[PDB]
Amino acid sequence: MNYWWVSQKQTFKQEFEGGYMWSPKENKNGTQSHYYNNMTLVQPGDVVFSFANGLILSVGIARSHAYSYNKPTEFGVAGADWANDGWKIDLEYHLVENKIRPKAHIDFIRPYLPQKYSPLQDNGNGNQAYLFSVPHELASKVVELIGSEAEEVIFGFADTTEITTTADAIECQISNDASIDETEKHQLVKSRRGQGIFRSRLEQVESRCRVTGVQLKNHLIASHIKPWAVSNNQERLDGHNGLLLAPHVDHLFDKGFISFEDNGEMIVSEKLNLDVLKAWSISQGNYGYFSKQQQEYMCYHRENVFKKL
């Protein structure tokens, strides 16, 4: 996942109200722009800090690649000098209560500014350009200054999108793989959604939500332990590579906010706000031994899915 800084002093209200970013494809004189070319590097799930009137107003999530689109008519005079041939990105804005003023924090972030194409000068004034790459270390510092609301956009939210993208591509690869038969293709695709032979096989091993004890099939998700995307075809359909979980527990486990020790002890991520466990009446403690086959997968989950600092 990448971080971006979009400078929107001229058109923030129009871009926010329309849920987009927009730039020309080239400078007015027809020359290439590093900044406009950055539009073509943004991926769905990338986090975009909106900077306008000296403040960071939004921690946004990109929901498209750049697509060819005319300059928005609603820019009017404020956009007069930009070419009509442009790039648009669908940006899911998340307005923040703590609108940080980066110049007021320049001593804290200066060491983390990139040597080239920095969104800020060494004195903390913004540079006049549209879209800048933000190094991960600089992004961390900005998130520290904004507080919890910035972390809430990123962890188990923005950072899930690239995983979904990867899984979508694998689903395409399976559907076109000549080495596997039609039934296998169908069962592998269903297993991604906890359906088909995977669910029936899991039901021979597990009977309830580990955490909430619910037994009712219509209130349980068939979750993989080793994620579907990184499982091989045998592991994708293995009844021992799953748990039946209530939907909120599925959410916490799938995103690595929780995991389990081999003996069933729940492990809670530092990225899980404990006020979530209180609100949903989920206790820390022991949720029963796992089988040797389940433990092999749970080891993978602890080492690769579970969120650690």
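For every residue, the number given is its place in the sequence shown, counted from 1.
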Review point. At least a third of the other compared entries: do they leave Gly79 without coordinates?
Key: yes
Exercise for review: Would you determine, from the values in the PDB entry, which of 163 to 171 and 83 to 91 has the greater average C-alpha temperature factor?
Suggested key: 163 to 171
Check your understanding: For the C-alpha atoms alone, is the average B factor greater in 245 to 253 or in 268 to 276, going by the entry?
Key -> 268 to 276
Check your understanding: Going by the entry, which of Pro114, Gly156, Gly194, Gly147 has the most elevated CA B factor?
Key -> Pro114
Revision key, fill the gap. Comparing C-alpha B-factors across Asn37, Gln284, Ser68, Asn53 in this entry, the winner is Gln284
Point to revise | Chain-wide C-alpha B factor ranking for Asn2, given as lowest, middle or highest third | key: middle
Study note, to complete from the structure: Quick tally, chain-level thirds of C-alpha B-factors: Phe198 sits in the lowest
Exercise for review: Could you look up the Cα B-factor of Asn29 in the entry and say which third of the chain it sits in: lowest, middle or highest?
Suggested key: highest
Practice item. Give the position of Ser207 by CA B-factor within its chain, expressed as the lowest, middle or highest third. Key: highest
Exercise for review: Give the position of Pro135 by CA B-factor within its chain, expressed as the lowest, middle or highest third.
Suggested key: middle
